[PDB]
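Undergrad: please find the sequence and an experimentally derived structure below.
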Amino acid sequence: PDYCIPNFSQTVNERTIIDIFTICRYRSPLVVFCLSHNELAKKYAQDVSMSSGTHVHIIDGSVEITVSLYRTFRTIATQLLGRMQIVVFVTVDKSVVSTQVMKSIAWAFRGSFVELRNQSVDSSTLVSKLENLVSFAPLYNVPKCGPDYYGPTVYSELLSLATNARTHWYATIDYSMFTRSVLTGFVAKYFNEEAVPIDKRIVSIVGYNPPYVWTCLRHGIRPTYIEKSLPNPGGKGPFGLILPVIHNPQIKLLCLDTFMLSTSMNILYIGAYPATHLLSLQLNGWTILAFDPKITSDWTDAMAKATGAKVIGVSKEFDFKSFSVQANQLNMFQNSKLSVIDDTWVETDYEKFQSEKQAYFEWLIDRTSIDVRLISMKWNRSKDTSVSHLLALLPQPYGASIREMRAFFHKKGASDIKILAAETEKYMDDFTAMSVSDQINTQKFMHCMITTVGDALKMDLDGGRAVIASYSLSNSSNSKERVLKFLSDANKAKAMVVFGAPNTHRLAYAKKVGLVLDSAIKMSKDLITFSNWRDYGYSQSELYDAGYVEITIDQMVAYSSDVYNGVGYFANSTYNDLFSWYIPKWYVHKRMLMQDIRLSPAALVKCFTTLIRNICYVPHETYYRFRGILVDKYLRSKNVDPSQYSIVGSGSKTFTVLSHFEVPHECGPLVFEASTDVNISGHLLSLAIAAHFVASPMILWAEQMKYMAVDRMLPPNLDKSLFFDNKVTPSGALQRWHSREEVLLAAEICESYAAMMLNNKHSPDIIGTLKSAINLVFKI
Amino acid sequence: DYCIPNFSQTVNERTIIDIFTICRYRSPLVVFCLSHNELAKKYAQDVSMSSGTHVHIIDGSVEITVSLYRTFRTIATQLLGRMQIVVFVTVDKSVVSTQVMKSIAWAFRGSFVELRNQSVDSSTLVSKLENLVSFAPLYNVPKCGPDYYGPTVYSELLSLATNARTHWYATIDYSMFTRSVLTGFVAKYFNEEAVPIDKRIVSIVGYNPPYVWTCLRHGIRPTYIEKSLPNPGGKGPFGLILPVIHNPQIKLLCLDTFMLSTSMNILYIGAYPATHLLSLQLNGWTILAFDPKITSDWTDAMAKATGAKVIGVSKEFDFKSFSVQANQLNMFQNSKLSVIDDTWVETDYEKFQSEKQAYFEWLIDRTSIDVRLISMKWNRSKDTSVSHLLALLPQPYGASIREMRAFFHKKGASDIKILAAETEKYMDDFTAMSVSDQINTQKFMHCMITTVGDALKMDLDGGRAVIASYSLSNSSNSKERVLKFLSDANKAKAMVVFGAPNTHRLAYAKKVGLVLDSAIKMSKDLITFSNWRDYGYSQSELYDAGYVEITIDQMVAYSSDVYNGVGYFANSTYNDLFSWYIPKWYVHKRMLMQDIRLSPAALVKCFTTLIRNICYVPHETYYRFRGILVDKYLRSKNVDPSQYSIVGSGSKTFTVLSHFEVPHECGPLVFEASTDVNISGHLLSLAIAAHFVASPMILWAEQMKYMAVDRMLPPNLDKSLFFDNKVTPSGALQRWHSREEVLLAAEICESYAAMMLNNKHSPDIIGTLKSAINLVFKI
């Protein structure tokens, strides 16, 4: 062996790389707690620190807020892979650091954010959430990178002796729902930044993906699907939707309402009260005309303030026997699109009441004055009846074992069809006895009305059209030649097509070291096959050649914090880490070249290097000594005279130039002026190591690094506290980082750097595809 | 299984392997003492932001007792986190003395630095503060010891010439650390028992060279006792005349420490400068130094640094005066005396040696002075007869030099002729050998303080200190006879520090596939090491012989105020396979009061917290599993469920509703109605730690039984050392757990280890500990 430190031979073997992959499942230990009672914070900080060893920080204002954040999170950035919980108590007022700024910094480091600074010192809510820190450590019931959670993990079951003090834990499923929510929040943030009109905030979800309807209505955008091949439903009508062939406590009503809220920006909601499920939706741009006798004056103000929509609530019954546009205040929807949500019903003469409604909806749909889109009515008829302008007769996917159906009226519906009673009762007898999973499964018939059939690669990309392709375009049906052509054209067209694909070389490195076995995922060349479908792999370089920069889910949720209304997560998933997400290059240059904390790689640049330095006995200054030695081995490998430079190998000086010399490089010859100090970019080396295990923001960091060749003024609208991680000149501008020579020099030694840190058990393909992408960013 | 807490998918066979690997990092603490608080805050931020080192600043804003309680209760949970921990202590020495803070530091396996007397711009203070930022997560100051003389040079990690690397021999350095800790414990034993200075002699069973240095570093005299010492092959009564063939100041300490073992009175001729002696505590010695260059300050400097009574003569030694009234030898009447002759001249060296030899041949035949040993430099080119000559060895650290050493003794050869032609070719061979072989020949020198015979039949009178570094554990001595020797030693109130490989800890290491079969092979309790055979001993059968297992952590912490040896930098898995045991009589007499030096604080949390982080085990959920494990045991003994109520919290394991008893061999467990039961959680965690490192379960159990009721704090010990435990307003250590709460945890201990390690534990490890807990609590 070898008896010397730092030791990489005996410490970093193939099983060590496996354990590093395992540690990445714990890489979100931060909890940011905001309370206005400092002495109370000191107690619980001591309680959780003594009981479970959680590292605590108390930003109390004794130090300036900018330097206080700089000292707190520069330390946390190194400990994110330490498998130990980290709590940061923020006790300064919201005037010192606002709720949105602190929430951004929290989610930028993958942490749970709790804001309770308005609470009194003896608040039952404040003390309870503080006791949860000590009870649940090292875990915490508050979701990370999100305010709400609707998955199966119930933290209160961990304290219950009846449930054996256990709860469920589906990391891959929960992070998938977290990813669907983050993509939606980023598109919502995209619409807000581009000042897109409210009625134009529509996103195309490539491939059928049910949960996107809910996430889109949570962020104030309307969803629309586009599937490659949608099979025939098997019913009657123009679209064949009449009788087709066959854990959220408030999704029973949100399943139908969110879909109807996608068909129009104006809604006639009959029988709305209480409509409590709508309160957790951002409806800023909608106009709700609510009809119910139990509607009060406070109910209208409560719905409008919680959703942002213009709500006009009528405290009367709906006049169904008046056939005029002057009744029920329908005059406010002239020359407009309108949809009707009918939830009215009675247990006395239900057949007689439905006939009165049907005659009104059959007339309301034939309005040349109002573009009535869709009308949803409760259907339960024991007699044969003819329906005009009927598009769909679907069961209630969340109605469970109930007997009621739903009818959908549309202009392009069946001109006249006869709904036989003996056919619906038998149809319901089958739907009534199905499993709950199959009952909820039949909600795809409902989403068919907002689905366009065709190829997503041939769609129109006009005016910055938002298109979410969740792993869709990457599957083997679409060729890599055509997908790269679609994304390159989309970037030229200034369109927002968020694209995701499996990282080819990250999965190859996972199978090489024996992480995920051959039984789960099999790979051949760049073609990937998943088991319980085939899929193409894409690297980070070829997508930059198509004009797409890889961004991390961490950076997307952090950049979209002030508009995020979705769900969070608790644990990371190795399966989800195999994929990478890319946004077009035009939007990166326009609004993402100024590296704030939300768009910084702070949550990844230090945690991997520190973990390896602790495992391999690498002292701090010794780490920078190895940096100079690696540079010394590269300069002499290119026949540079050793007397022309002087290897310092410190944190501030990599090496000093003594006489002018140049190094041949494809991105222009590296110019080294005499009597100058060279300090190569260390983040490039560490981000390449982090790319072996998780999605690395190397491409976005490089674009920011090139933009920081000179001093750049801070954005005027953004809070300047978000730039705490970087130096700011007294002028008020972000200080220059590194020269193009210092950055390209680190890319050349990057191959030998990974061979040192991982004991030659790295992936030269991972370093190669990143090195190739760094060169294209710094093209001459 | 998709449920948390998860033990199935998380704790596999390789997971146990990685836990063993983490135990190599289980000493990350650094305790830094400086009197400049704002300067400490800066370097605390510098090392925290650069390397992620967790820092603590005890500044006095909180009371010192509560401040230590909050700081180290947290550190105890993080000792397996692979991250450096620094504790800056800025309060005055009046708030916490240097010896108290050093004990607390070494109790948690930490490097201790005391620089509170330094000014804010001291070049020494700032340099050692910059070393924290430069060397993190490592540190150049050794743990549990002030000095380090091994091959690891930290300044080479910063040098580009050495490729920023240095050597790293963890097993060798920790072995030297163990030899030094054993010596320091014996030295602490002599200080506690008030043993007279001249009686402080320890027997080192089996030949072990470095113990001569460590003993003289702690003011005690060593003596060897070997099973079979081969004949040296020379002439003389003991055959020591011409036998058959990294410390910068060991060149002189090799000879002087051996001569300082032969007598408590020394005549050092040619002492100046004698700088090597300054690092030894010679409290009890009397040095009569002869050299012209001796000054008045030199005598005071030697006496202050060593504690010895030094009388330094600023003159030459009168060799041509044959009387006890010359050279002030009148102070050694009716006393033992040994002389160290280091005088020499480059002009007529032969003529000067003949004058010395005639004096030493007369000085050895003194009925007035019990002259023990005389060491003279020998270099004669002519044939000469020597009277009263015991040995003539080469200088083991003389390297390629031509000079030899002669040793005069009363029991030496009455008359022998030293032929010049034989000693010239003998030096020609000694000069040509390797340096390792030159130093290897220092066993001939130590032969003069070596008794030949069997250590199992020695006399154990009046608390005799005997150190057996794995010697008694080897296969030559049967386990039946060794256990008989140790049981007799404990009855005789003797101090025989005994060490042996932990049978079940090595078995658990081989079962999971840590140390492979090529290095260590085991059969039953017989162990074979590669690169000799050895018997294994468990913690229970040694308590049956009246011996309690103590950890090297607790020994160096308990001996902090007398420790003068070396520290260590990294732990070694090879050394962790062995356990160290001290007699039971000394544990009951002075170790039943659990202070921080004798507490298992450095092990009771770090293993449980690491497993809770790996397996997603919440804090309160951990205590829920505790009650469920108790509920599974009470039901297994046919206790009616309506007689108790499972609470499963940190303060209440379960509440008793009606009186019921559980049959147990240590008396039936009595559970009074309307009372709360809180089983001892430390017993469960110490059993888990016993799978990987030496666990102080036996010592903790003896302290736990003594803490059945309140006990007054010792009057002499600083009461700050009891910060880890509750103290009543009366000034006494508050009671811990009842005998029912402790024995109840021992019964669920088997199922507890099956849950924490996913049934991949060792029932033998739990069994030998559970058996020992019963013998401590025997009725």
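TA: Here it is on my side, so go on. Numbering: from 1, shown residues only, chains lettered A, B, ... in the order given.
Undergrad: every contact and neighbour count from this point should use C-alpha atoms.
TA: Will do.
Undergrad: residues contacting residue A:326?
TA: Residues in contact with residue A:326 (CA atoms under 8 Å, 6 or more residues apart in numbering or on different chains): none are found.
Undergrad: ugh, wrong one, residue A:99
TA: Counting by CA under 8 Å, 6+ apart, residue A:99 makes contact with residue A:115.
Undergrad: go on, residue A:618?
TA: The contact partners of residue A:618, by CA under 8 Å, 6+ apart, come to A:5-7, A:612, B:137-138.
Undergrad: over to residue A:628?
TA: Taking CA under 8 Å, 6+ apart, we find residue A:628 in contact with A:647-650, A:654-655.
Undergrad: I'd like the contacts of residue A:618 laid out as TSV, including secondary structure.
TA: Shown next, in TSV, are those (DSSP: H, G, I helix; E, B strand; the rest coil):
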residue	secondary structure
A:5	strand
A:6	coil
A:7	coil
A:612	helix
B:137	coil
B:138	coil
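Undergrad: and those residues, which two are the farthest apart?
TA: Greatest spatial distance in the contacts of residue A:618: A:7 and B:137, 14.1 Å, computed using CA to CA.
Undergrad: what residues are up against the residue nearest the centre of chain A?
TA: In chain A, the C-alpha nearest the mean C-alpha coordinate belongs to residue A:182, at 1.6 Å (CA atoms, centre = their mean). Applying CA under 8 Å, 6+ apart to residue A:182 gives the contacts A:553, A:556-557, A:564, A:566.
Undergrad: by neighbour count, which of those wins?
TA: With neighbours taken as other CA atoms under 10 Å in any protein chain shown, the top of the contacts of residue A:182 is residue A:557, carrying 31 neighbours.
Undergrad: for that one, which non-adjacent residue is closest in space?
TA: residue A:182 (5.5 Å; CA to CA, 6 or more residues apart in numbering or on different chains).
Undergrad: ok, now residue A:451?
TA: Here the residue nearest residue A:451, using CA to CA, 6+ apart, is residue A:225, at 4.4 Å.
Undergrad: rewinding a little: output those of the contacts of residue A:628 also counted as contacts of chain B.
TA: Counting by CA under 8 Å from any CA of the partner chain, the subset of those that neighbours chain B is empty.
Undergrad: select from these the one having the most neighbours.
TA: Top of the contacts of residue A:628 by neighbour count (other CA under 10 Å): residue A:649, with 26 neighbours.
Undergrad: picking up where we left off before, can you report how many residues neighbour the residue nearest to residue A:451?
TA: Other residues within reach of residue A:225, judged by other CA under 10 Å, total 24.
Undergrad: from chain B, how far off is the residue of chain A most remote from its centre?
TA: Going by CA atoms, centre = their mean, the residue of chain A most distant from its centre is residue A:643, 51.9 Å out. Note on residue A:643: its distance to chain B, by CA to the nearest CA, to the nearest Å, is 16 Å.
Undergrad: residues contacting that residue?
TA: residue A:658.
Undergrad: hang on, residue A:522 packs against residue A:535?
TA: No - here residue A:522 does not reach residue A:535: they are 10.5 Å apart, not a contact under CA atoms under 8 Å.
Undergrad: and these two? which has more neighbours close in?
TA: Of the pair residue A:522 and residue A:535, residue A:535 is the one with more neighbours under other CA under 10 Å, namely 22 against 17.
Undergrad: that one against residue A:524, yeah?
TA: No - in this structure, residue A:535 is not within contact of residue A:524 by CA under 8 Å, at 10.6 Å.
Undergrad: circling back to that earlier point, now do the contacts for the residue nearest to residue A:451.
TA: Going by CA under 8 Å, 6+ apart, residue A:225 touches A:204-208, A:450-452.
Undergrad: that one pairs with what?
TA: Beta bridges link residue A:225 to residue A:205, residue A:451, judged by DSSP bridges.
Undergrad: which residues of the stretch 51-200 of chain A lie near chain B?
TA: Contact residues, the stretch 51-200 of chain A versus chain B (CA under 8 Å from any CA): A:51-53, A:55, A:71-72, A:74-76, A:78-79, A:82-84, A:134-139, A:158-159, A:161, A:164-170.
Undergrad: could you rerun that using 7 Å?
TA: Contact residues (CA under 7 Å from any CA of the partner chain) of the stretch 51-200 of chain A with chain B: A:52-53, A:71, A:74-75, A:78-79, A:82-84, A:134-139, A:158-159, A:161, A:165-170.
Undergrad: same check, this time on chain A
TA: Residues of chain A lying near chain B by CA under 7 Å from any CA: A:3-6, A:46, A:49-50, A:52-53, A:71, A:74-75, A:78-79, A:82-84, A:134-139, A:158-159, A:161, A:165-170, A:610, A:614, A:619-622, A:625.
Undergrad: filter these down to the buried ones.
TA: Buried subset of those (neighbour count, 16 or more other CA atoms under 10 Å in any protein chain shown): A:5-6, A:46, A:49-50, A:52-53, A:71, A:74-75, A:78-79, A:82-84, A:134-139, A:158-159, A:161, A:165-170, A:610, A:614, A:619-622, A:625.
Undergrad: how far away is residue A:425 from chain B?
TA: Applying CA to the nearest CA to residue A:425 and chain B gives a distance of 40 Å.
Undergrad: count the residues that sit near that residue.
TA: Residue A:425 has 16 neighbouring residues, counting by other CA under 10 Å.
Undergrad: what of residue A:383?
TA: By other CA under 10 Å, 10 other residues sit near residue A:383.
Undergrad: check the one 10 residues further on too.
TA: The burial count assigned to residue A:393 is 27, neighbours taken as other CA under 10 Å.
Undergrad: ok, it - contacts?
TA: By CA atoms under 7 Å, 6 or more residues apart in numbering or on different chains, the residues touching residue A:393 are A:241-243, A:406-408.
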